[PDB]
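1. Output the structure for:
(one chain, ligands or ions: 6)
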Amino acid sequence: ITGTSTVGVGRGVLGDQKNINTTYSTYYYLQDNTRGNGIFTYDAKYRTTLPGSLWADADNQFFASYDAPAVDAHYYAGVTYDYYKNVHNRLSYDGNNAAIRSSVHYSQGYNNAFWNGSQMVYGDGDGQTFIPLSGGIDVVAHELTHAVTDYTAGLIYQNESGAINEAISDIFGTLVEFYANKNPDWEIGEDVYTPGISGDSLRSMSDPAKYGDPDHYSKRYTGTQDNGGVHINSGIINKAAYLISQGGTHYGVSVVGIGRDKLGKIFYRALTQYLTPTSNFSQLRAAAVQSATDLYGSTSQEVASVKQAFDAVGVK
Ligand SMILES: CNC(=O)[C@H](CC(C)C)NP(=O)(O)CNC(=O)OCc1ccccc1
Ligand SMILES: [Ca+2]
Ligand SMILES: [Ca+2]
Ligand SMILES: [Ca+2]
Ligand SMILES: [Ca+2]
Ligand SMILES: [Zn+2]
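-> Numbering: from 1, shown residues only. Ligands and ions are numbered 1, 2, ... in the order given. Sharing the structure here:
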């Protein structure tokens with residue numbers, strides 16, 4: 001909407017206070033004009049029609065329990081926008097400052113979040129498996145990264161290309177979490193997953209097997225569930241990414257870590273310059289080796305480490 005840019009204040013899902021960019025025109029709307037062509041957050045009102053209504057508030061204060069998922073969707077979209085712009089010189093998901101839209105309070109007891117081809121969508125969870133999913137910065141960045149992938153490599157959402165698609169979202173979700181620097185880790189969704197159980201998460205990049213996800217190509221799932229295991233086989237690539245950044249010895253193969261910033265540069269270049277809609281794991285290895293070669297040189301430690309990491313997870 002047309003209005004004047006303002007700054008509201010509220011509390012997120014975990015009870016933390018934060019400032020949010022809003023727009024005033026009769027009401028205060030969750031419309032952040034400070035980033036690209038805007039970040040817009042909508043209320044789906046427990047229904048499934050999208051996007052719903054642009055979030056409107058009478059007083060620019062967002063401290064109601066019902067407000068919390070909107071506060072976090074809006075704020076963490078901003079953080080993710082900043083990450084891509086400041087770190088990768090990418091302006092929004094399309095590279096041309098496309099408006100970023102999110103809807104919260106989607107459906108009832110909805111234990112998931114997704115990119116629907118045009119916008120991000122967040123369930124509130126059922127209070128047992130999840131609390132409102134926008135409370136996780138890694139989750140928000142995971143979802144916006146699906147949009148980045150769709151506008152770039154275009155990895156088809158099934159089988160190996162789909163597992164790469166998933167891993168790319170977990171990787172950048174995690175790198176954004178580190179960028180914001182609040183309780184960062186290599187786990188996925190820990191902030192909003194199972195409020196009754198401490199210390200767990202939906203997936204782990206450092207040890208995917210803790211939740212029965214594969215950490216070696218020999219253990220890949222080849223059935224039909226979950227689009228051919230896109231959220232399962234992502235473990236193989238997530239493990240490789242973790243090893244590239246942090247190092248380690250995995251099934252006897254030692255990897256020299258090169259750090260998160262270089263992981264991010266290598267995988268962003270692979271995603272945007274080399275991967276295609278049908279890339280498989282072997283092709284991702286080649287893309288990452290080439291990307292590291294472009295950035296650091298053929299004889300670099302960085303190139304050697306990428307190779308070590310893919311060797312370690314059994315991808316040739
Ligand atoms: C199991 N879910 C997840 O891993 C994450 C949420 C996680 C980070 C909390 N959500 P996601 O974005 O991977 C779920 N997406 C999904 O199932 O895609 C189906 C689809 C939905 C709409 C259009 C096309 C395809
Ligand atoms: Ca209010
Ligand atoms: Ca964390
Ligand atoms: Ca995390
Ligand atoms: Ca938990
Ligand atoms: Zn995903």
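2. My understanding was that residue 53 contacts residue 43; is that so?
-> Yes - if you go by CB atoms under 8 Å, residue 53 and residue 43 touch, sitting 5.2 Å apart. All C-beta atoms are positioned from the backbone trio N, CA, C, and that covers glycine.
3. how about the residues of the stretch 151-300 of the chain near ligand 4?
-> 177, 185, 187 (CB under 5 Å from the ion).
4. Spell out which residues of the stretch 151-300 of the chain are next to ligand 1.
-> Those residues of the stretch 151-300 of the chain that sit near ligand 1, judged by CB under 6 Å from any ligand atom, are 157, 188-189, 202, 231.
5. re earlier: more neighbours, residue 53 and residue 43?
-> It is residue 43, of residue 53 and residue 43, that has more neighbours when counted by other CB atoms under 10 Å, with 21 against 12.
6. wait, what's in contact with that one?
-> 52-53, 55, 70, 103-105 (CB atoms under 8 Å, 6 or more residues apart in numbering).
7. Could you list which of these belong to helices?
-> Counting by DSSP state H, these place residue 70 in helices.
8. and the gap between residue 281 and ligand 5?
-> 30 Å (CB to the ion, to the nearest Å).
9. Let's verify the residue in the stretch 101-250 of the chain that ligand 4 sits nearest to: helix, strand, or coil?
-> Taking CB to the ion as the measure, the stretch 101-250 of the chain has residue 138 as its residue closest to ligand 4, at 4.0 Å. The three-state label given to residue 138 by DSSP: H, G, I helix; E, B strand; the rest coil is helix.
10. That one: what's it in contact with?
-> Residue 138 neighbours (CB under 8 Å, 6+ apart): 170, 173-174, 176-177, 188-191.
11. For those, give me a markdown table that also has secondary structure.
-> As requested, those are exported to a markdown table (three-state DSSP):
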| residue | secondary structure |
| --- | --- |
| 170 | helix |
| 173 | helix |
| 174 | helix |
| 176 | helix |
| 177 | helix |
| 188 | strand |
| 189 | coil |
| 190 | coil |
| 191 | coil |
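12. Of the residues you listed, just say which sits nearest to residue 126.
-> Comparing the contacts of residue 138 against residue 126 with CB to CB places residue 189 closest, at 14.5 Å.
13. Quick check: the two most widely separated of the residues of the stretch 151-300 of the chain next to ligand 1?
-> Pairwise over these, using CB to CB, the maximum falls at 157 and 189, 19.0 Å.
14. The two: which is more packed in?
-> Legend: neighbour count by other CB under 10 Å for residue 157 and residue 189, higher for residue 189 (21 against 16).
15. so who does that one touch?
-> 130, 133, 136, 138-139, 201-203.
16. Domain parsing of this protein, as residue ranges.
-> 6-154, 155-315 (curated CATH domains).
17. Tell me which of those sits nearest to ligand 2.
-> Between the domains of the chain, domain 6-154 lies closest to ligand 2; by CB to the ion that is 4.3 Å.
18. Could you work out the end-to-end span of that closest one for me?
-> Using CA to CA, to the nearest Å, the end-to-end distance of domain 6-154 comes to 36 Å.
19. again, but for stretch 91-103
-> Stretch 91-103 has its terminal residues 21 Å apart, counting by CA to CA.
20. which other residues reach it?
-> 35-44, 50-52, 73-74, 77, 81, 84-85, 118-122, 134, 144, 147-148, 150-151.
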